[PDB]
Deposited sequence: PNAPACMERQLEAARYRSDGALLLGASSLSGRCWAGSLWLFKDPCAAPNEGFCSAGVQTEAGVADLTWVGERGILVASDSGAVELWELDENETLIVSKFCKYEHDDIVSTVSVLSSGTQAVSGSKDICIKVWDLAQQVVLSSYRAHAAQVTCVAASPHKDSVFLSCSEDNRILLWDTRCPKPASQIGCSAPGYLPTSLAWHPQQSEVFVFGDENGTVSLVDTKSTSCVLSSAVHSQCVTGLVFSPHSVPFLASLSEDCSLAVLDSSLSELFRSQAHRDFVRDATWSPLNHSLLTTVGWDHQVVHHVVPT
């Protein structure tokens, strides 16, 4: 239905909107043609069957990441070095290209948006970090704080001038766009290994978590003494908090298993449903016990966590 006949083999991303609909990202990482696609489903259990998609389009390059902008925009991090914006039409049938700019000199590795709804940031393998104006389709500023591939950025849910970043130089920065020296180094009570992912605590504006290359995660207080626990046999590569009054932390890793942790980092739930690297996970807003995962084994898995 105005969509390509076949979905690419590797699924790399998945996110939900408040109405329960989900967006998948996919790409071909092997074979003759190296490019991806964007797909929309209104029936989560029908995924990844193309025949039941509501919408979808092909892209000119692979998709590194993607997020939601308000209800209709899709912000995409492309392999081409591009930053691009797509928009859902009135009938949620076609996905329309709004713009495409080429501001990075290498693959865009991460993208996120800020709480103001008009700002966004991106990172790339090129060490440069950029700040975007989503309304004007321009770059507002750029910084070169890191001397290594950027691996993760995240926006604070509470402040529209604030974000976190890290790269393979073992440095973690906190940013404030209102300062003459926008970055501040967090430092670390347990240095020596490279961090792999970052996430903000949903309720506490001064609390965040991160994971590293050894499969260990840590909970830290921005103002200062840390809490940590080993979980995975391999690099963490991904963290997300559940939509609860008492949040739970989902943790992915390269060991292909999935885990859900308590606030104490105690393990509550574990799964080995996947047969390949797991790439992402998201919570369904309409069902607080339900966690949905995506990965390179082309499976869509619905887990119920005994919360």
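Of the deposited sequence, just the range 225 to 226 has no C-alpha coordinates according to the record.
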